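S.K.: Dropping in final01.txt, which is compact mmCIF, N, CA and C atoms:
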# COMPACT_ATOMS: atom_id res chain seq x y z
N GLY A 1 1.40 -23.89 27.40
CA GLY A 1 2.58 -23.47 26.59
C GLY A 1 2.73 -21.97 26.55
N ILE A 2 3.46 -21.47 25.57
CA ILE A 2 3.65 -20.04 25.41
C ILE A 2 2.72 -19.52 24.33
N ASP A 3 1.58 -18.98 24.75
CA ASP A 3 0.61 -18.41 23.83
C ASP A 3 1.17 -17.16 23.17
N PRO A 4 1.29 -17.16 21.84
CA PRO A 4 1.80 -16.01 21.09
C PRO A 4 0.80 -14.86 21.06
N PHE A 5 0.79 -14.06 22.12
CA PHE A 5 -0.02 -12.85 22.15
C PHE A 5 0.59 -11.83 21.20
N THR A 6 1.91 -11.87 21.11
CA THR A 6 2.62 -11.16 20.07
C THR A 6 2.51 -11.98 18.80
N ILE A 7 1.58 -11.59 17.95
CA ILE A 7 1.27 -12.34 16.76
C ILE A 7 2.47 -12.39 15.83
N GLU A 8 2.95 -13.61 15.60
CA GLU A 8 4.05 -13.86 14.68
C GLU A 8 3.83 -13.17 13.34
N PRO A 9 4.88 -12.48 12.88
CA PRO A 9 4.84 -11.69 11.66
C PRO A 9 4.54 -12.52 10.43
N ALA A 10 3.57 -12.06 9.66
CA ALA A 10 3.14 -12.74 8.46
C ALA A 10 2.40 -11.78 7.55
N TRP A 11 2.40 -12.07 6.26
CA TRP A 11 1.61 -11.30 5.33
C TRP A 11 0.32 -12.04 4.99
N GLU A 12 -0.70 -11.80 5.81
CA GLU A 12 -1.99 -12.43 5.64
C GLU A 12 -2.70 -11.84 4.43
N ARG A 13 -3.01 -10.55 4.51
CA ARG A 13 -3.60 -9.85 3.39
C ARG A 13 -2.53 -9.02 2.70
N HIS A 14 -2.15 -9.46 1.51
CA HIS A 14 -1.14 -8.77 0.73
C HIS A 14 -1.72 -7.48 0.17
N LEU A 15 -0.86 -6.61 -0.34
CA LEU A 15 -1.33 -5.37 -0.94
C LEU A 15 -2.29 -5.66 -2.08
N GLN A 16 -3.32 -4.84 -2.21
CA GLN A 16 -4.35 -5.08 -3.18
C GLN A 16 -4.24 -4.08 -4.31
N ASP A 17 -4.42 -4.58 -5.52
CA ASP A 17 -4.26 -3.78 -6.72
C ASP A 17 -5.48 -2.88 -6.90
N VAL A 18 -5.35 -1.62 -6.50
CA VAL A 18 -6.45 -0.67 -6.64
C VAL A 18 -6.34 0.13 -7.94
N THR A 19 -7.47 0.31 -8.61
CA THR A 19 -7.54 1.09 -9.84
C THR A 19 -8.61 2.18 -9.72
N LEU A 20 -8.21 3.43 -9.95
CA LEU A 20 -9.13 4.57 -9.84
C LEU A 20 -8.71 5.71 -10.76
N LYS A 21 -9.68 6.54 -11.15
CA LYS A 21 -9.42 7.68 -12.04
C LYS A 21 -8.73 8.81 -11.29
N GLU A 22 -7.99 9.65 -12.02
CA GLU A 22 -7.26 10.76 -11.42
C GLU A 22 -8.20 11.72 -10.71
N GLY A 23 -7.76 12.23 -9.57
CA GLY A 23 -8.59 13.12 -8.78
C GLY A 23 -9.16 12.42 -7.57
N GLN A 24 -9.28 11.10 -7.67
CA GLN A 24 -9.77 10.29 -6.57
C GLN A 24 -8.71 10.14 -5.48
N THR A 25 -9.15 9.88 -4.26
CA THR A 25 -8.24 9.56 -3.18
C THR A 25 -8.18 8.04 -3.00
N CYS A 26 -6.98 7.53 -2.82
CA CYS A 26 -6.76 6.10 -2.70
C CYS A 26 -6.25 5.76 -1.31
N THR A 27 -6.57 4.57 -0.84
CA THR A 27 -6.01 4.06 0.40
C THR A 27 -5.86 2.55 0.31
N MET A 28 -4.70 2.10 -0.14
CA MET A 28 -4.45 0.67 -0.27
C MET A 28 -3.95 0.12 1.04
N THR A 29 -4.43 -1.06 1.42
CA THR A 29 -4.11 -1.61 2.71
C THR A 29 -3.43 -2.97 2.61
N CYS A 30 -2.61 -3.26 3.60
CA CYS A 30 -1.95 -4.54 3.71
C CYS A 30 -1.94 -5.00 5.16
N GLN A 31 -2.47 -6.18 5.40
CA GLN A 31 -2.63 -6.68 6.76
C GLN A 31 -1.39 -7.45 7.21
N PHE A 32 -0.56 -6.79 8.00
CA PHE A 32 0.63 -7.42 8.56
C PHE A 32 0.29 -7.99 9.93
N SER A 33 0.62 -9.25 10.13
CA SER A 33 0.20 -9.97 11.33
C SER A 33 0.68 -9.33 12.64
N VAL A 34 1.69 -8.47 12.58
CA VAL A 34 2.21 -7.85 13.79
C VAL A 34 1.52 -6.52 14.05
N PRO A 35 0.93 -6.37 15.24
CA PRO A 35 0.19 -5.17 15.61
C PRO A 35 1.08 -3.98 15.94
N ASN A 36 0.77 -2.87 15.28
CA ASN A 36 1.37 -1.56 15.55
C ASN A 36 2.86 -1.53 15.22
N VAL A 37 3.23 -2.14 14.11
CA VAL A 37 4.59 -2.02 13.59
C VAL A 37 4.60 -1.25 12.29
N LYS A 38 5.71 -0.61 12.03
CA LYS A 38 5.85 0.25 10.87
C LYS A 38 6.58 -0.48 9.75
N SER A 39 6.48 0.06 8.55
CA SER A 39 7.08 -0.56 7.38
C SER A 39 7.47 0.50 6.37
N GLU A 40 8.49 0.21 5.58
CA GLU A 40 8.89 1.11 4.52
C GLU A 40 8.00 0.92 3.31
N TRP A 41 7.46 2.02 2.82
CA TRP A 41 6.65 1.99 1.62
C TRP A 41 7.52 2.25 0.41
N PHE A 42 7.24 1.55 -0.67
CA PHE A 42 7.99 1.72 -1.90
C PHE A 42 7.05 1.90 -3.09
N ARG A 43 7.39 2.85 -3.95
CA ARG A 43 6.67 3.07 -5.18
C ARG A 43 7.63 2.93 -6.35
N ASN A 44 7.49 1.84 -7.09
CA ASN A 44 8.33 1.56 -8.25
C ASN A 44 9.81 1.51 -7.85
N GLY A 45 10.09 0.83 -6.74
CA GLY A 45 11.46 0.61 -6.32
C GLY A 45 12.03 1.75 -5.49
N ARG A 46 11.28 2.84 -5.38
CA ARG A 46 11.75 4.00 -4.63
C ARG A 46 11.07 4.09 -3.28
N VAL A 47 11.81 4.54 -2.27
CA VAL A 47 11.24 4.77 -0.95
C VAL A 47 10.16 5.83 -1.05
N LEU A 48 8.96 5.43 -0.71
CA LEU A 48 7.81 6.29 -0.85
C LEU A 48 7.73 7.26 0.31
N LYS A 49 7.89 8.53 0.00
CA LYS A 49 7.87 9.57 1.00
C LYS A 49 6.50 10.22 1.05
N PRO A 50 5.91 10.30 2.25
CA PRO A 50 4.58 10.89 2.43
C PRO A 50 4.61 12.41 2.24
N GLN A 51 4.62 12.82 0.99
CA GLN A 51 4.63 14.23 0.65
C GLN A 51 3.48 14.56 -0.29
N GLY A 52 2.77 15.63 0.02
CA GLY A 52 1.67 16.08 -0.81
C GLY A 52 0.58 15.03 -0.97
N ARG A 53 0.60 14.34 -2.09
CA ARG A 53 -0.41 13.34 -2.42
C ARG A 53 -0.36 12.15 -1.49
N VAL A 54 0.83 11.82 -1.02
CA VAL A 54 1.05 10.57 -0.32
C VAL A 54 0.92 10.74 1.19
N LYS A 55 0.20 9.82 1.80
CA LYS A 55 0.10 9.75 3.25
C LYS A 55 0.24 8.30 3.69
N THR A 56 1.00 8.08 4.74
CA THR A 56 1.26 6.74 5.23
C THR A 56 0.66 6.55 6.62
N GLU A 57 -0.13 5.49 6.78
CA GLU A 57 -0.76 5.20 8.06
C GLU A 57 -0.57 3.75 8.45
N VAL A 58 -0.66 3.48 9.74
CA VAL A 58 -0.54 2.13 10.25
C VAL A 58 -1.57 1.87 11.35
N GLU A 59 -2.28 0.77 11.21
CA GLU A 59 -3.24 0.33 12.20
C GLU A 59 -2.63 -0.81 13.00
N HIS A 60 -3.45 -1.59 13.70
CA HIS A 60 -2.96 -2.76 14.42
C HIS A 60 -2.23 -3.69 13.47
N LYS A 61 -2.95 -4.45 12.65
CA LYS A 61 -2.29 -5.32 11.70
C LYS A 61 -2.11 -4.64 10.35
N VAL A 62 -3.10 -3.87 9.92
CA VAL A 62 -3.08 -3.39 8.55
C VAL A 62 -2.34 -2.07 8.42
N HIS A 63 -1.63 -1.95 7.32
CA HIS A 63 -0.88 -0.75 6.99
C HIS A 63 -1.56 -0.09 5.81
N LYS A 64 -1.79 1.21 5.90
CA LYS A 64 -2.60 1.89 4.91
C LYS A 64 -1.78 2.92 4.15
N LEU A 65 -2.08 3.05 2.87
CA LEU A 65 -1.38 3.98 2.01
C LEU A 65 -2.38 4.89 1.31
N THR A 66 -2.32 6.17 1.62
CA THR A 66 -3.27 7.12 1.07
C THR A 66 -2.65 7.99 0.02
N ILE A 67 -3.32 8.06 -1.11
CA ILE A 67 -2.94 8.97 -2.16
C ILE A 67 -4.14 9.86 -2.50
N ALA A 68 -4.13 11.11 -2.07
CA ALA A 68 -5.23 12.01 -2.39
C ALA A 68 -4.99 12.62 -3.74
N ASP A 69 -6.04 12.73 -4.54
CA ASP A 69 -5.92 13.26 -5.89
C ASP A 69 -4.86 12.47 -6.66
N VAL A 70 -5.16 11.20 -6.90
CA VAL A 70 -4.20 10.29 -7.51
C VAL A 70 -3.84 10.72 -8.93
N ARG A 71 -2.58 10.54 -9.28
CA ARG A 71 -2.09 10.85 -10.60
C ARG A 71 -1.48 9.60 -11.22
N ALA A 72 -1.44 9.56 -12.54
CA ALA A 72 -0.83 8.44 -13.26
C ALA A 72 0.67 8.39 -13.01
N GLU A 73 1.21 9.42 -12.37
CA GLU A 73 2.62 9.46 -12.02
C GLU A 73 2.86 8.67 -10.75
N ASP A 74 1.80 8.49 -9.99
CA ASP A 74 1.87 7.78 -8.73
C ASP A 74 1.38 6.35 -8.92
N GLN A 75 1.40 5.87 -10.16
CA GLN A 75 0.89 4.53 -10.44
C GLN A 75 2.02 3.57 -10.80
N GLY A 76 1.68 2.29 -10.80
CA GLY A 76 2.57 1.25 -11.25
C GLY A 76 2.63 0.09 -10.28
N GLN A 77 3.25 0.31 -9.13
CA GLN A 77 3.35 -0.71 -8.12
C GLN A 77 3.74 -0.12 -6.78
N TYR A 78 3.08 -0.59 -5.75
CA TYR A 78 3.42 -0.22 -4.38
C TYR A 78 3.83 -1.45 -3.62
N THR A 79 4.85 -1.30 -2.81
CA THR A 79 5.41 -2.41 -2.07
C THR A 79 5.58 -2.03 -0.61
N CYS A 80 4.95 -2.80 0.26
CA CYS A 80 5.06 -2.58 1.69
C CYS A 80 6.02 -3.59 2.28
N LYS A 81 7.08 -3.11 2.92
CA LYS A 81 8.15 -4.00 3.35
C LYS A 81 8.48 -3.82 4.82
N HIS A 82 8.58 -4.93 5.51
CA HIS A 82 9.00 -4.95 6.91
C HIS A 82 10.14 -5.93 7.08
N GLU A 83 11.35 -5.40 6.93
CA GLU A 83 12.59 -6.17 7.07
C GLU A 83 12.67 -7.27 6.01
N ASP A 84 12.20 -8.45 6.36
CA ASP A 84 12.24 -9.58 5.46
C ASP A 84 10.97 -9.67 4.65
N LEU A 85 9.84 -9.60 5.34
CA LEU A 85 8.54 -9.76 4.71
C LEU A 85 8.17 -8.54 3.88
N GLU A 86 7.71 -8.80 2.68
CA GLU A 86 7.33 -7.75 1.75
C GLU A 86 6.02 -8.09 1.05
N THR A 87 5.39 -7.08 0.49
CA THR A 87 4.18 -7.27 -0.29
C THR A 87 4.08 -6.19 -1.34
N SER A 88 3.23 -6.40 -2.32
CA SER A 88 3.18 -5.53 -3.48
C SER A 88 1.84 -5.60 -4.20
N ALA A 89 1.43 -4.47 -4.75
CA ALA A 89 0.24 -4.41 -5.58
C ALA A 89 0.42 -3.37 -6.67
N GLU A 90 -0.25 -3.59 -7.78
CA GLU A 90 -0.20 -2.69 -8.90
C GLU A 90 -1.25 -1.60 -8.75
N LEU A 91 -0.80 -0.38 -8.57
CA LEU A 91 -1.73 0.74 -8.48
C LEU A 91 -1.89 1.32 -9.87
N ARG A 92 -3.10 1.31 -10.37
CA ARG A 92 -3.35 1.80 -11.71
C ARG A 92 -4.33 2.96 -11.67
N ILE A 93 -3.98 4.04 -12.33
CA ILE A 93 -4.90 5.14 -12.50
C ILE A 93 -5.75 4.88 -13.74
N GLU A 94 -7.06 4.98 -13.58
CA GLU A 94 -8.03 4.44 -14.58
C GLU A 94 -8.37 5.51 -15.58
N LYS A 95 -8.22 5.25 -16.88
CA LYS A 95 -7.59 6.37 -17.53
C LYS A 95 -7.65 6.71 -19.01
N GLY A 96 -7.57 5.68 -19.80
CA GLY A 96 -7.54 5.79 -21.24
C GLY A 96 -8.92 5.95 -21.81
N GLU A 97 -9.12 7.03 -22.53
CA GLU A 97 -10.39 7.30 -23.19
C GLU A 97 -10.71 6.23 -24.22
N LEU A 98 -9.71 5.88 -25.02
CA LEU A 98 -9.88 4.84 -26.03
C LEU A 98 -9.65 3.49 -25.38
N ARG A 99 -10.65 3.02 -24.65
CA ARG A 99 -10.55 1.76 -23.92
C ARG A 99 -11.15 0.61 -24.72
N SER A 100 -11.33 0.85 -26.02
CA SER A 100 -11.87 -0.15 -26.93
C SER A 100 -13.28 -0.56 -26.50
N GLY A 101 -14.13 0.43 -26.30
CA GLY A 101 -15.49 0.15 -25.89
C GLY A 101 -16.07 1.25 -25.04
N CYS A 102 -16.56 2.29 -25.69
CA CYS A 102 -17.21 3.39 -25.00
C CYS A 102 -18.61 2.98 -24.56
Once more with this new file: its structure as structure tokens, please.

M.R.:
Amino acid sequence: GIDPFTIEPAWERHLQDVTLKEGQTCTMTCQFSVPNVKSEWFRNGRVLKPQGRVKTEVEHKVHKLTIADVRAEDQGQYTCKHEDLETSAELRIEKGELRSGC
């Protein structure tokens, strides 16, 4: 038959909800079944532009999102979208001193 060497597009590993304290560098990944394709990144409904803190990378299947020196302003939700297929994770900056248990 026709062996799909071009792996049919799918969201195998969805975006993962990463939580880290400010100052840390983050790199959230999403495994898109299609090798070496690009996707629009979104942060809280906005097109995520790789400026300053933000860096966007793409591997074979997985798409990576880097935030160096993360801020609570860069938190909430990230969404990786490729035309139809989309994915999302809650990025939380780890943070509150009064966490009800020092």

S.K.: Ranking A:15, A:53, A:95, A:27 by minimum distance to residue A:79 and counting only C-alpha atoms, which one comes first?

M.R.: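 Among the listed residues, the smallest separation from residue A:79 belongs to A:15.
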
S.K.: Residues at most 6.5 Å from stretch 81-94 of chain A, counting all atoms listed in the file, excluding those fewer than 4 positions away in the same chain, as a ChimeraX atom specification?

M.R.: /A:14-22,38-42,71-72,74-77

S.K.: Write out as number ranges by chain the set of residues from chain A that DSSP, computed on the backbone, places in strand (DSSP E or B).

M.R.: A: 11-13, 19-20, 26-32, 40-43, 46-47, 54-58, 62-67, 78-82, 85-89, 92-93

S.K.: For each of A:98, A:65, A:70, A:30, take the minimum atom-to-atom distance to residue A:12, counting only N, CA and C atoms, then give the residue where this is smallest.

M.R.: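 Between A:98, A:65, A:70, A:30, the residue approaching residue A:12 most closely is A:30.
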
S.K.: Between atom CA of residue A:78 and atom C of residue A:5, measure the distance and give it in Å to one decimal.

M.R.: 28.2 Å

S.K.: I'd like the interatomic distance between atom CA of residue A:25 and atom CA of residue A:59, to a tenth of an Å.

M.R.: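 Answer for the atom CA of residue A:25 to atom CA of residue A:59 separation: 18.6 Å.
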
S.K.: Scan for residues within 8 Å of the point (-1.1, -10.8, 18.6) in the coordinates of the file, using only C-alpha atoms, and reply as number ranges by chain.

M.R.: A: 4-8, 33-35

S.K.: Quick one: pull the distance between atom N of residue A:44 and atom CA of residue A:80, Å, one decimal.

M.R.: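 One can read the atom N of residue A:44 to atom CA of residue A:80 distance as 10.1 Å.
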
S.K.: Fewer than 3 positions away in the same chain doesn't count, so skip those; otherwise give me all residues within 6.5 Å of residue A:56, counting all atoms listed in the file, as a ChimeraX atom specification.

M.R.: /A:50,64-66

S.K.: As JSON, what would the box around stretch 36-40 of chain A look like: edges along x, y and z, 3 Å added on every side, centre and edge lengths in Å to one decimal?

M.R.:
{"center_x": 4.8, "center_y": -0.9, "center_z": 9.4, "size_x": 14.1, "size_y": 10.0, "size_z": 18.2}

S.K.: Could you check which of A:100, A:1, A:54, A:11 is closest to residue A:32, using all atoms listed in the file?

M.R.: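 Between A:100, A:1, A:54, A:11, the residue approaching residue A:32 most closely is A:11.
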
S.K.: For residue A:67, which of A:45, A:13, A:26, A:3 is the closest residue, counting only C-alpha atoms?

M.R.: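 Selected residue with least distance to residue A:67: A:26.
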